[PDB]
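Everything on this sheet refers to the single structure shown next.
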Number of protein chains: 4
Amino acid sequence: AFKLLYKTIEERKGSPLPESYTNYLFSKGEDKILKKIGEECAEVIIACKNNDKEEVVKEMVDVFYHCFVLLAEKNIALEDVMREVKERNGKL
Amino acid sequence: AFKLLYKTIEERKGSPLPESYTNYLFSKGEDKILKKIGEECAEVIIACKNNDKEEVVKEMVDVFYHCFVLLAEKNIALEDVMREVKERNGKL
Amino acid sequence: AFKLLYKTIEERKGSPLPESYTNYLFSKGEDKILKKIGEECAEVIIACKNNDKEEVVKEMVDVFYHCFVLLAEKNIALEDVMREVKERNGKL
Amino acid sequence: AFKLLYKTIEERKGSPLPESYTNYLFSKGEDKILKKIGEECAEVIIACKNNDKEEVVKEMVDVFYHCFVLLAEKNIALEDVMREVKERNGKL
């Protein structure tokens with residue numbers, strides 16, 4: 001599912017649809033995506049303190065979506081992230 | 001891999017090892033985890049602006065790890081997150 | 001000047017003008033202001049890494065403005081902050 | 001008081017005392033300070049949601065202190081910030 005989301009974001013980078021939010025992000029670039037990540041992270045904290053589980057899930061996925069858009073924008077392969085996740089898993 | 005990481009974090013919540021970082025987080029609770037997420041998010045922004053890909057990957061995975069620890073702490077099932085990811089995928 | 005800014009924000013809390021941004025913040029409440037602070041903090045980081053001094057100043061003042069709005073909203077006296085600043089000054 | 005804090009931080013940049021936290025920040029540089037600002041910002045959010053006024057004040061001043069350290073580090077004059085605060089005041 002995470003791989004599916006990443007692939008979809010990658011497909012938008014090659015076949016741009018100005019109407020789409022992902023393309024809007026790619027056009028505005030790195031700084032726009034980073035601002036979104038910071039904003040979304042604050043939203044996760046606020047949602048968590050409000051004990052709103054549905055909102056925590058929406059905002060956390062929002063953070064993940066923007067992180068993936070950022071990866072694609074900086075040309076960082078998803079597998080590099082997955083390797084790190086596996087390495088981190090082993091440590092634990 | 002993401003599921004593997006989550007399961008491992010869940011296993012630590014039931015079988016505590018005070019020596020482990022994950023248990024340290026569960027003992028300090030919600031507020032400690034949230035602070036980590038905010039700090040890590042800032043580190044992702046800084047790393048991205050420094051154009052340090054390796055660091056972006058480490059910090060992003062760091063953000064994901066703490067988000068998963070937070071899910072376990074708030075008793076939010078991983079599948080709830082995955083459902084949201086799939087729904088988000090469909091929209092795109 | 002910081003005191004002037006705070007006083008002005010306080011005056012808006014008592015004499016609401018729906019057209020104003022400050023009143024918009026008070027009406028939406030705590031969670032809206034906090035989201036703004038997180039977003040603005042991310043903008044400060046981004047601006048600083050871009051080496052854009054003018055932007056750093058605008059965003060930093062933005063952070064300060066929202067922190068003062070937050071103080072007024074939570075009914076925290078400015079002098080309490082100033083006492084802390086002075087105490088911090090002495091430590092240094 | 002804010003000017004006093006800034007002046008004190010400036011004095012530390014010229015007469016370094018490795019034992020001091022301010023000099024520790026200047027030595028580690030921009031990225032360390034920015035990380036602190038992000039972390040502190042999260043702490044302000046968490047403290048505010050906890051309704052802990054004393055903590056909100058400590059963390060907010062912490063954010064201000066690190067912003068001033070950042071100004072000194074980037075060689076941004078305090079009056080530039082004050083000009084912006086006054087301009088912002090007039091707009092209101």
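Put in line by how crowded their Cβ is, counting other Cβ atoms within 10 Å and starting with the fewest, C:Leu4, A:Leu71 read C:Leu4, A:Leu71. Computed over the protein assembly as shown, the quotient of the alpha carbon radius of gyration and 2.2 N^0.38 Å is 1.01.
Counting, for every residue in C:29-38, the Cβ atoms of other protein chains within 10 Å of its Cβ and taking the mean gives 6.
Counting, for every residue in C:45-55, the Cβ atoms of other protein chains within 10 Å of its Cβ and taking the mean gives 6. Here the dipole of chain C is about 260 debye; that uses its Cα centre as origin and unit charges on the Cβ of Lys and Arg (positive) and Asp and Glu (negative). Note on chain B: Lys pairs 8 or more places apart or on different chains, Cα atoms under 16 Å apart, count 13. Applying a 4.7 Å Cβ-Cβ cutoff to chain A, the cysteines left without a disulfide-compatible partner are A:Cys48, A:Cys67. With the label put 7 angstrom out from Cα along the Cα-to-Cβ vector, D:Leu92 ends up 2.3, 4.0, 4.4 nm from the copy partners, going from closest to farthest. Over the protein assembly as shown, DSSP H runs of length four or greater, each weighted -39,500 (n - 2.57), average out per residue to a 222 nm ellipticity of -27000 deg cm²/dmol. Put a plus charge on the Cβ of each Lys and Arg, a minus charge on the Cβ of each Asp and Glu, and nothing anywhere else: the dipole of the protein assembly as shown about its Cα centre is then about 0 debye.
Sites listed here are GluC sites (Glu not before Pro) in the range C:1-60 whose DSSP assignment is loop and whose Cβ has at most 11 other Cβ atoms within 10 Å: C:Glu19. Centroid-to-centroid, using Cα positions, the range B:36-74 and the range C:11-64 are 24 Å apart.
In this calculation the C-beta distance from C:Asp80 to D:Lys13 is compared with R0 = 45 Å, giving a FRET efficiency of 0.95.
Using only Cα coordinates, the Kirkwood hydrodynamic radius of chain B works out to 14.2 Å. Based on Cα contacts under 8 Å between residues 6+ apart, chain D shows a relative contact order of 33 percent. The ranking of B:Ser15, B:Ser20 from fewest to most other beta carbons within 10 Å of each one's beta carbon is B:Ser15, B:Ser20. Taking other C-beta atoms within 10 Å as the exposure proxy, B:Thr8, C:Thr22 rank B:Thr8, C:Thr22 from fewest upward.
Take each residue of peptide C:6-13, count the partner chain Cβ atoms within 10 Å of its Cβ, and average: the result is 1.
We place every Cβ from the backbone using ideal geometry, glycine too, and count neighbours over all the protein chains shown. Every read-out reported here was derived from the displayed coordinates using simple, explicitly stated rules and does not represent laboratory data.
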